[PDB]
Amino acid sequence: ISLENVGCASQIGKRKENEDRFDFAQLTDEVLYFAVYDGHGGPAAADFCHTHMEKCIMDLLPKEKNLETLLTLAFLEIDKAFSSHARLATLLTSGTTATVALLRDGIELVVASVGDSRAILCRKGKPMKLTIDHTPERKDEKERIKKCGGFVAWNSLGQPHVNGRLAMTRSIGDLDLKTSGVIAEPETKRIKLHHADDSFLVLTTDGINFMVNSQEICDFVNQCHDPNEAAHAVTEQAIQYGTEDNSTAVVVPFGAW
């Protein structure tokens, strides 16, 4: 897996600020990192994650061999550190998704997420979704919101929001909703890559996600010669469909690219 062929694109769109962050790096000889963070309420929370995630992960790697466990601890560590940082005034309502992929030894893929940023494995030409959206229509998420003293309010567009404010049920930051069910504990997915079958991994933010489903995302990517082109093609398509949000994509090529 060569990081020199990863594609990335981040387009601000019709917003005053780009609140998306993305990154990838080689953390150790065995472990590669890829992440998108889709901010809301100001970029503070996404930028924080973008600034602190590598080190938080690298510190944990000699202590935790289980990548799913590691990523869970890391997300909670990062949220704890962010909350100290905001405390010490819009920062109290700054929040972010976080979708983090670790790839160990070129073959063991672990994805941890809170929120609605997607990670899609293209396996044998078909989308395999490696995240599930943390949104208020989800039965388990609904139930935990009520259990912790939050509630769901539906806006005039028929969209559900936690306490009438937040469209997702897990995030980093959103400190005012951390005691009402909006947790930083991620869900994780583990998959063994198969380099004959597996074509790429694509991470996307809501500027894309609101415009296209995950099959359409794979479609855009597959019509492109390289990941770099693919990553721009995905973001530009979202914009052409009239998206108003920041649009960010990371395309990581695998054996079957």
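In this text, residue numbers run from 1 along the sequence as written.
- The modelled chain breaks after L88 and resumes at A89, leaving 1 to 3 residues of the deposited sequence without coordinates.
- Sort the chain's modelled residues by C-alpha temperature factor and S199 lands in the middle third, per the entry.
- The entry lists a Cα temperature factor for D176 that places it in the highest third of the chain's modelled residues.
- Remark: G115 belongs to the lowest third of its chain, ranked by C-alpha B-factor as recorded.
- When the modelled residues of the chain are ordered by their C-alpha B factor, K65 lands in the highest third.
- Looking at the C-alpha B-factors along this chain, the one for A153 belongs to the lowest third.
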